[PDB]
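1. so I pulled this structure from the PDB, and the sequence comes with it:
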Amino acid sequence: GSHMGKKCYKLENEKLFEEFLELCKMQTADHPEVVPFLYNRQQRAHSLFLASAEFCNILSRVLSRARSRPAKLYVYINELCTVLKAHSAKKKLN
């Protein structure tokens, strides 16, 4: 369209996602599937949302938390996944 309504953070969110994703590849050796699951979630999420402030909010939250709590990374991974489950563009249920 023209504007979502607030500032957009597409590049930031993309990056933040990668920042978190790469991070996951570093701490989720037990769950290398988590990145694909993350990627999937994000990829299948709403591009508007991925470019929206909310994802920035969510992302900035989890990344910052994840670096402090790489044990809670799954919390954050699961969060973002839930987030992406929540704000998917063309979902189904999953």
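-> Here it is on my side, so go on. Residues are numbered from 1 along each chain as shown.
2. residue nearest the centroid of the protein?
-> Nearest residue to the geometric centre of the chain (Cα atoms, centre = their mean): residue 80, 4.5 Å.
3. how far away is that residue from residue 56?
-> 12 Å (Cβ to Cβ, to the nearest Å). The C-beta positions use only the backbone N, C-alpha and C, and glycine is treated the same way.
4. show me what contacts residue 54?
-> residue 87 (Cβ atoms under 8 Å, 6 or more residues apart in numbering).
5. ok, the residue nearest to the centre of the chain - contacts?
-> Contacts of residue 80 by Cβ under 8 Å, 6+ apart are 17, 20, 38, 41-42, 58-59, 62.
6. and for residue 87?
-> Residue 87 touches 45-46, 49, 54-55, counting by Cβ under 8 Å, 6+ apart.
7. just give the nearest non-adjacent residue to it, would you?
-> Spatial nearest neighbour of residue 87, excluding adjacent residues (Cβ to Cβ, 6 or more residues apart in numbering): residue 49 at 4.0 Å.
8. quick check, that neighbour in a helix?
-> Yes. With DSSP: H, G, I helix; E, B strand; the rest coil as the criterion, residue 49 is part of a helix.
9. distance check, it against residue 91.
-> 12 Å.
10. look at those two and report which has more neighbours.
-> More neighbours surround residue 49 than the other of residue 49 and residue 91, with 20 against 13 (other Cβ atoms under 10 Å).
11. you'd agree the more buried one is up against residue 55?
-> Yes. Look at residue 49 against residue 55 with Cβ atoms under 8 Å: they come within range, at 5.5 Å.
12. who does residue 45 form a beta bridge with?
-> Beta-bridge partners of residue 45, counted by DSSP bridges, are residue 88.
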